[PDB]
């Protein structure tokens, strides 16, 4: 991450972190990809950088391998077109005498550009999901002094950003809302957990139950418990 | 929210958040719309972005559907004018051969622009009110260590920004001032609630009652209660 | 408060807040008006914005009504001049065919400009004093953990900024120094209040009396009181 | 303090505050005057602003009255020169047909400029010392939780900035170090005050004596005192 | 670190600190070198600065000594080429009549530049590893009030940045996670240390064990211990 | 420190403070001098400012006196050269008809410039060491709530920046590490001081001994001591 300054830093910094804490195929990352891909039209060079600067080394290597395969697919299609489309593998990858540096890739037509975009995004989706890298839905833990309402919001935020199906997302938040809570709050949730009535939102009850923990009142109570 | 940088970010970021926490038809959002609509005269492209970047996906879809309908209405009127006004649906939506990109929409006359503004603002108002999305008047809760006066001010601020009729606004603040207070303060308000005499402002009394909570004095008292 | 950016923001933001917390005719606001009016010479358009962006809706409406009246007065005078002065109502309000947009108002002579300034400032002073809007001299309250010396300074600051006659200002600060203090400090002031000897400044004694509240010493004392 | 922006703000803001908290003739203010006067050569207009923007209304009026007198003195000298020096009162004050606006004053010769500088600085020194305005050497007080070493440093800083003769400065710091200390520290200094042996610096001993106040150790002690 | 401003500061500041806290051959430093070397193509002058500004005096001297040796090696190779390559020692070091200042070094060909890069990076790797300078994997210690989860993350971060072989890295983190913990947490880890079952991650258990330390609950417990 | 803005501020601000807290001949100041002198080549005017803006009034006066003497020395040498070197005292000091303002000094040759640099740096070193001005190695004291590890690091930092011979530096840090510690930590070090075994670093042991002070554990202990 050196070289003084590139034509764009923030977005690349953000995505790099995003991938590390949410995963290459996460809703969060997929959203940014969608955003940036449809907006800042990219050339094969750009994609080379965008992935290189945001995916972990091994993840990049899978991306690029898949990329190449995707290109090959489209080249078959382009030769099979009637009329044929004059776009070779070299143009789609940004590899060769005619499509090397930015100056040549800058002259790509929208047909080629689009086709590259499609390919890459497919390739991206083909990146193997991390089963171990900061699966943030279970790394977020309540800090010793953090208000439960902040915790939960944080948790949910992460869940929105990592878990794709809302149904599952909901379950996970509920489970983690208990499991990763600090002792101070688990003791409030434990007698509630599993007894929450239908209709009422679970994490909603959980906030209520913990309402007050961390304040003066709570401390006083615990001081009573220390003496008694 | 990628693509490095647009010609304007802050306002769009603000409104996006605003809609999420106060709602599309809220006084807050409606105020900003009014401000920006009458000021930074907009073209159909702009409106497409302004809504797309601030409304939730489903909300956008309702906006645009309504938008189109609104256009149709005005087109009927324009054809029914004497003399006829040369403004077709294509010009009002920014869809077609003559009114596609910004460069063509930039040449719209003030008659067309205005008409678009009117339409959109009507369309905006036709967006279905969220009955669930962060109804912030009941999401704001007093933090464990927050002074009651800050809480209330916050509450009121939100109420000004979400509840349109002052009469109702007042009631809601009063109710929420008790309900969402932390335990430390509810215990001070509970013996007061419902016994507040006419004339005297309710939340004014509530502040008085809680004056002192959170300081050293309060803690000392509670330490007495811990021992005793 | 949208439209991306105007040729000037901070001053207008400041004044808007100022009016809300101190009042249209307050020493604070009157000072800024004086400053800006004599300095950044203004055209009727500017005044239209300056008031529109800083006065509350109802307050603006009173301003402008009065503005017009003021203009009428000066127009009578201008016609009664010997030689007559060629300045009509249209020029003073910025309303009409010859004095509409900024481009025409930019060509106003200093005689007209001045006359507008005089009018507006008079008009401003004719805005009805709020008897309810954040009368900050009685909204400032001591926070639960705030040192009394900071409180007092704050109070005085506000008093300088809202109360015009120093004599009264002094009384009000003294009264509010007690009344809006937190319980921790009222208990120190109560036995002093009303018994302060002549000559010695009242709030000076009040600081002395409360010197120490909020520190470790104070807490220790109160812990004694909790146990005993 | 409005008018959007002048060609220079920071310095003027600083000096205004400086005068309010240290006084027009204070070492601090006199230092900045010396600095800026010898450096950024000024014209009578500038001086008019520099004083107007930094001295309190009444103080300004005394400045300018004295200014004028000073000019008169130099005009006598200039007429009495051999050869006579062509510098009239109008040139030194920046008042008149030939020396009005900046454009004319910009053409002043260094002889005139200097002479103005000399005059003003003398005039400045003739401003009556405030016997009441924030005599900061006795307004600085130790906060309830402030470390004593910090307090002292602050005190000294102020003393350097307000008291001119070091001999007196030293005495005042020593006296105020005790007098304005918080109760927690006075109790440590009181048994030392007045018994400090010669040679050893007084405030040095005072720091030693209070070393430790405000930490956990100190609190524990005081908790013992609460119970006992 | 004076001279007002160079054409680039941040990176050089970062690396200087990096070398001091992680070491010249650390994964962290080696990563930045790789990044910057392959990206911002450098001339011998640049390398002279890059090392001079980031390596400790003695470390620089070893670098440069090795640098020269490396050059000599390549010069042998260049003379042994068929055809011979016209690159002398003077060109590779940036020393001499033809390759002195930046203006002459700017004209180096990519063959020479590359060759310099290779040399330097080899030379860099030949810098003797510090066995004493801030071996940060054992300087990071848990602060008295720091949550254990933050500590550990910090520790790991440092380990990633200083220890090259992951296998060893893991061991070191585990050992230091106990050893450099504060007393509050060691008492929680001590009964666990060495009894952690296979499969379960060690520092994962360690976090669990310490979950809760530093909160109100923990303090209450300890207050019980104080009394009892 | 007025005059709005010079061509360079930061460095001069830094050095001024540096001299005040570490001393004119300190390693810290000497390092910056070396840096800036060899880098931003200076003219006699610059040196006049650099010293004037960083040395205390009396210190400046000694500098300049010595400066002049140094010049005289070099002038003797220049006249004694074979061939003679055309550099008079006027050129080296920046005093006279031919070498007055920056415009003339800008035309100095590198021979003259260098010679000035040498002179000044020698002159600088001839500035009398302060035996009283903030000898920061004995002004830094541990704050009431500061972790011992931060203290120590701070101390060492200062020692690196003020004490030149490492041998002595080490002793001083060790002594001050005890002496300027707060009571909370002295009580931990006192039983260790002087009994530290050879080989093991002294301040290393001192950190260990104090590890834990300031946390919850420590407070609990002290609460026991309060009751008992």
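Residue numbers (the deposited numbering), protein chains in the order written: chain F, 1 to 228; chain A, 1 to 228; chain B, 1 to 228; chain C, 1 to 228; chain E, 1 to 228; chain D, 1 to 228.
Where a beta carbon is used, it is the ideal one built from N, C-alpha and C, also for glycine.
Segment contact flag, the region 194–213 of chain C with the region 65–75 of chain C, C-beta cutoff 8 Å, min 3 pairs: no
C-alpha gap between residue 91 of chain C and residue 13 of chain B, whole angstroms: As a first step, residue 91 of chain C is located in the fourth chain; it is residue number 91 there, counting from the start. As a first step, residue 13 of chain B is located in the third chain; it is residue number 13 there, counting from the start. When rounded, the distance between both Cα atoms is 41 Å.
Residues of its chain near residue 193 of chain A, where Cβ-Cβ distance is below 6 Å and the 5 sequence neighbours each way are ignored: Position 193 of the second chain, counted from the start, is the residue given in the question as residue 193 of chain A. For residue 193 of chain A, where only same-chain residues beyond five positions count, the Cβ hits under 6 Å are 178.
Interface flag, residue 128 of chain F vs chain E, CB-CB below 9 Å: Here residue 128 of chain F corresponds to residue number 128 of the first chain, with the count starting at 1. So no, residue 128 of chain F is outside the interface.
Chain D contact for residue 3 of chain E (CB, 9 Å cutoff): In the fifth chain, counting from the first residue as 1, residue 3 of chain E sits at position 3. So, interface residue.
Buried or exposed (CB count within 10 angstroms, at least 16 for buried), residue 4 of chain D: If you number the sixth chain from 1, residue 4 of chain D lands on position 4. It counts as exposed.
Interface residues of chain B facing residue 36 of chain A [CB-CB closer than 7 Å]: The residue given as residue 36 of chain A occupies position 36 in the second chain. Residues of chain B passing the Cβ test: 2, 3.
Under 9 Å from the C-beta of residue 231 of chain B: neighbouring residues of chain A: With chain B running from 1 to 228 in the structure shown, residue 231 of chain B is simply not present.
heavy atom of the ligand COA below 8 Å from residue 151 of chain B C-beta: Absent from the structure shown: the ligand COA. Ligands present: none.
Proximity of residue 1 of chain F and residue 32 of chain E at Cβ, strictly below 9 Å: Residue numbering aside, residue 1 of chain F sits at position 1 when the first chain is read from its first letter. Residue numbering aside, residue 32 of chain E sits at position 32 when the fifth chain is read from its first letter. Their beta carbons are under 9 Å apart, which means residue 1 of chain F touches residue 32 of chain E by this criterion.
Length of the line joining the Cα atoms of residue 74 of chain B and residue 209 of chain A: Position 74 of the third chain, counted from the start, is the residue given in the question as residue 74 of chain B. Position 209 of the second chain, counted from the start, is the residue given in the question as residue 209 of chain A. So the two alpha carbons sit approximately 54 Å from each other.
9 Å Cβ cutoff, residue 177 of chain D in contact with chain E: Locating residue 177 of chain D in the sixth chain gives position 177, where the first residue counts as 1. Not one chain E Cβ lies under 9 Å of residue 177 of chain D.
Residue range of the unbroken alpha helix (DSSP H) whose run includes residue 35 of chain F: Reading the first chain from its first residue, position 35 is the one you call residue 35 of chain F. 27–39 is the extent of the alpha helix (DSSP H) around residue 35 of chain F.
Residue 78 of chain F, buried or exposed, once every other Cβ within 10 Å from all chains shown has been counted against 16: The residue you call residue 78 of chain F lines up with position 78 of the first chain. Per the 10 Å Cβ criterion, buried.
Within chain C, partners of residue 233 of chain B - CB distance below 8 Å: Any answer about residue 233 of chain B is impossible in this case: the structure gives chain B only from 1 up to 228.
Which listed residue (B/40, B/124, B/82, B/220) has its alpha carbon closest to that of residue 52 of chain B: Translated into the one-based positions of the third chain, residue 52 of chain B becomes position 52. Nearest C-alpha to residue 52 of chain B: B/124.
Residue 15 of chain C: contacting residues in chain B (beta-carbon distance under 7 Å): Counting from one through the fourth chain, the residue named residue 15 of chain C turns up at place 15. Result: empty, since nearest Cβ-Cβ is about 17 Å, beyond 7 Å.
Neighbour flag for residue 10 of chain A against chain B, beta carbons, 9 Å: The residue given as residue 10 of chain A occupies position 10 in the second chain. Yes, because at least one Cβ of chain B sits closer than 9 Å to the Cβ of residue 10 of chain A.
DSSP state of residue 146 of chain D mapped onto helix, strand, coil: Taking the first residue of the sixth chain as 1, we reach residue 146 of chain D at position 146. Residue 146 of chain D falls in the coil class under three-state DSSP.
C-beta atoms of residue 162 of chain E and residue 136 of chain E nearer than 9 Å: Within the fifth chain, numbered from 1, the residue matching residue 162 of chain E stands at position 162. Within the fifth chain, numbered from 1, the residue matching residue 136 of chain E stands at position 136. It is a contact, given that the beta carbons lie within the stated cut-off.
Sub-9 Å separation of residue 223 of chain A and residue 183 of chain B beta-carbons: As a first step, residue 223 of chain A is located in the second chain; it is residue number 223 there, counting from the start. As a first step, residue 183 of chain B is located in the third chain; it is residue number 183 there, counting from the start. No.
Unbroken alpha helix (DSSP H) run spanning residue 124 of chain A, endpoints: As a first step, residue 124 of chain A is located in the second chain; it is residue number 124 there, counting from the start. Unbroken alpha helix (DSSP H) run through residue 124 of chain A: 110–125.
Environment of residue 127 of chain C [buried if 16+ CB atoms lie within 10 Å]: In the fourth chain, residue 127 of chain C corresponds to position 127, counting from 1. Its Cβ being crowded by 16 or more others within 10 Å, residue 127 of chain C is buried.
Distance, residue 142 of chain B Cα to residue 181 of chain B Cα: If you number the third chain from 1, residue 181 of chain B lands on position 181. If you number the third chain from 1, residue 142 of chain B lands on position 142. If you take the alpha carbons of residue 181 of chain B and residue 142 of chain B, they lie about 5 Å apart.
Short Cβ contact (9 Å threshold) for residue 23 of chain A with residue 29 of chain A: Residue 23 of chain A sits at position 23 when you count from the first residue of the second chain. Residue 29 of chain A sits at position 29 when you count from the first residue of the second chain. It is a contact, given that the beta carbons lie within the stated cut-off.
Nearest candidate by alpha-carbon position, reference residue 45 of chain B, set B/138, B/151, B/104, B/169: The residue you call residue 45 of chain B lines up with position 45 of the third chain. The candidate whose alpha carbon is nearest that of residue 45 of chain B is B/104.
Sub-9 Å separation of residue 57 of chain E and residue 164 of chain E beta-carbons: Counting from 1 along the fifth chain, the entry for residue 57 of chain E is found at position 57. Counting from 1 along the fifth chain, the entry for residue 164 of chain E is found at position 164. No. Outside cutoff.
Alpha helix (DSSP H) segments (min. 4 residues) lying fully within the region 58–113 of chain F: 89–93, 102–105
Counted within 10 angstroms of its Cβ, other Cβ atoms place residue 197 of chain A as buried (16 or more) or exposed: Stepping through the second chain from its first residue, residue 197 of chain A is reached at position 197. That one is exposed.
Chain B contact for residue 227 of chain C (CB, 9 Å cutoff): Within the fourth chain, numbered from 1, the residue matching residue 227 of chain C stands at position 227. True, the Cβ-Cβ gap to chain B drops below 9 Å.
Boundaries of the alpha helix (DSSP H) in which residue 178 of chain C is found, first to last residue: Translated into the one-based positions of the fourth chain, residue 178 of chain C becomes position 178. Here the alpha helix (DSSP H) through residue 178 of chain C covers 166–179.
Option in D/88, D/130, D/97 with minimal Cα separation from residue 113 of chain D: On the sixth chain, position 113 is the one that residue 113 of chain D refers to. Cα-wise, what sits closest to residue 113 of chain D is D/88.
Exposure label - residue 39 of chain D; buried when at least 16 CB within 10 Å: Within the sixth chain, numbered from 1, the residue matching residue 39 of chain D stands at position 39. Residue 39 of chain D is exposed by the Cβ-count criterion.
Endpoints, the alpha helix (DSSP H) within which residue 5 of chain C is located: Taking the first residue of the fourth chain as position 1, residue 5 of chain C is located at position 5. Here residue 5 of chain C belongs to no alpha helix (DSSP H), and DSSP marks it neither H nor E.
Sequence-distant residues of the same chain with beta carbon closer than 7 Å to residue 34 of chain D, five excluded per side: Locating residue 34 of chain D in the sixth chain gives position 34, counting from the first residue. Cβ within range, chain order: n/a, list empty.
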